[PDB]
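Examination of the molecular architecture
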Amino acid sequence: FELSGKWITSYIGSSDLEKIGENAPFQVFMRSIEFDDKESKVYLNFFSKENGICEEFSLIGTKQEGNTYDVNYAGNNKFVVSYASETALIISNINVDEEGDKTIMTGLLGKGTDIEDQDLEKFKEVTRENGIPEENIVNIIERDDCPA
Ligand SMILES: CCCCc1nc(N)[se]c1CCC
């Protein structure tokens, strides 16, 4: 069961709409994730937009208790890979920004642009369980025009 490798964002959900719209810090276009269990770290590479222009990031988080990871970006973040199939990952993240406001978010990742409904139904369920309404879900594949 390989979790490390190429991963592209298809959908994102958020308890705070301010964090996931156009040019927001969390409209994230994932490209790859590498879990380094020997050194208890995770490597994240993705694009985001500021001023409507693609910018690339490469972050390094640290593994913490209970399969969770801490990583700094637009504040402090603690996330976990809630679900994993051969075709997708569903990540749950809690962010506390510089102002101290807390936001819970979910993301569905895949190996490309062709979504499997079975994975998508699970993403919606996890999103719902986190108290996030369907109307707070954004289609990222539709918005990802950044470099491969
Ligand atoms: C999984 C969708 C993006 C969530 C997410 N974006 C960041 N930037 Se840090 C965070 C933690 C999960 C890697």
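Residues numbered from 1 in each chain as written, not as in the entry; some residues may be left out. Heavy atoms only, no water.

1. Some words on the packing of aromatic side chains
Inspection of every chain in the model, using the stated rule, returns 7 aromatic pairs. Look at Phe46 and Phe57: their rings are 5.4 Å apart centre to centre, the planes differ by 15°, and that puts the pair in the stacked class. Here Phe46 is found in strand 4 (residues 41-50), whereas its partner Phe57 is found in strand 5 (residues 53-64), with 11 residues between them in sequence. Classification of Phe46 by relative accessible area gives buried; the value is 4%. Relative accessible area serves as the criterion here: at 23%, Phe57 is assigned to the partly exposed category. On the numbers, 5.5 Å between centres and 20° between planes, the contact of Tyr69 with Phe79 is stacked. Highlighted residues: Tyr69 in strand 6 (residues 68-72) and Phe79 in strand 7 (residues 76-84), separated in sequence by 10 residues. Among the aromatic residues, ring-to-ring pairing joins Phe26, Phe46, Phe57 and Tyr73 into one connected group. For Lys111, the ring lying beneath its charged end belongs to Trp7, and the centroid distance is 3.6 Å. (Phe/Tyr/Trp six-rings, centres within 6.5 Å; stacked < 30°, edge-to-face > 60°. Helix = DSSP H or I, 4+ residues; strand = E, 2+ residues; numbered from the N terminus. Buried < 20%, exposed > 50% of the residue type's maximum accessible area, 1.4 Å probe, protein only. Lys NZ or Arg CZ within 6 Å of the ring centre and 35° of its normal.)

2. As for the site of the ligand
The ligand sits among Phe26, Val28, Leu44, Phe46, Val71, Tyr73, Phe79, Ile91 and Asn93. For the ligand, whose free accessible area comes to 370 Å², the fraction covered by protein is 98%. Cavity membership is defined here by more than half of the atoms lying within 2 Å of grid points; on that basis the ligand lies in the largest cavity. Mapped onto the shell around the ligand, the elements with two or more residues apiece are strand 4 and strand 8 (88-96). Grouping the constituent residues of the shell around the ligand by class yields 8 nonpolar, 1 polar and no charged. (Near = heavy atom within 4 Å. Areas by Shrake-Rupley, 256 points an atom, 1.4 Å probe, with all protein chains shown as cover. 1 Å grid on protein atoms, 1.4 Å probe; cavity = no way out; pocket = protein on both sides within 12 Å on 5 of 7 lines; lining within 4 Å. Sits in = over half its atoms within 2 Å of the grid points. Nonpolar A, V, L, I, M, F, W, Y, C, P; charged D, E, K, R; others polar.)

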